[PDB]
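In the block that follows, a single chain appears as structure tokens, in the form deposited in one PDB entry.
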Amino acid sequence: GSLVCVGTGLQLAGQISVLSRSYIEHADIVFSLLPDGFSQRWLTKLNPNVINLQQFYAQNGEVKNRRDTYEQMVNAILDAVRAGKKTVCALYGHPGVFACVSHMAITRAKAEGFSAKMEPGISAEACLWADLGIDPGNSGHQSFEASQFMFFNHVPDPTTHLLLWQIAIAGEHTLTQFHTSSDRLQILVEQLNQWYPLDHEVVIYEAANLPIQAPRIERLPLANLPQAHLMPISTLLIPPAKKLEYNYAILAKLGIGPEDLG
């Protein structure tokens, strides 16, 4: 058996790459994790041999560490590979962007002697640049998972476009709840105040999953974040607080100055 992990993009049906769709079509079996039921119907018409990884999430108010969820997903994927099946994992967006199941599955498959690879996909970050007309190269780009930004020491560059992923669970340390609390988000705002003013405009972004759906692009001051309606698919964008300033130390080493720049 073998393993290929693909992404399906964020939008229904059309944002998957041509090769990645072909991998799904020709697979022995597909393990899916898709945003909704429209996406799931589309996949099942492509290939009816689908096992939905959603089943392994905590069901019915039950307390379950999300790391145990992922382990069961990874193990289920590898079982089909070990059995001999030409196996595809179809995850939404980009399968290796803020997603561990496919990286863990590929590492485990490779260590047991199976062919495994990852095909890149269009992620929520890629959707954001297009929807907001922002190029990450303009003044640079930083991405962190929101809780890691709180739990560990990260220093953002306030001249860049900063993304905090999984903002809806920011500070939810047990990894057993679907959402965080408003006091946790208020602590985030105070932490962020080291670099961003309280009236600094931030953007709650949600890429659309359906072709009749507009993206969520909600602008609000940073102070109002704890009162905002956040969803698991929400990403928080924090635009620069500060414009690029000249690096005279290096410009001197380069023997040039500002009005020499092309």
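In case it trips you up, residue 1 is the first one in the sequence shown, and so on. Take the two forms, find the largest set of C-alpha atoms that superpose within 1.5 Å, and that set is the rigid core.
The form deposited in another entry exists for this protein as well; it is not shown, and the discussion that follows is about that form.
- Here the rigid core is superposed between this form and the one not shown, and of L210, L220, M231, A58 the C-alpha of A58 is the only one to shift by 2 Å or more.
- Relative to the superposed rigid core, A76 undergoes a CA displacement of at least 2 Å between this form and the one not shown.
- Remark: with the core as the superposition reference, the CA shift of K45 between this form and the one not shown stays below 2 Å.
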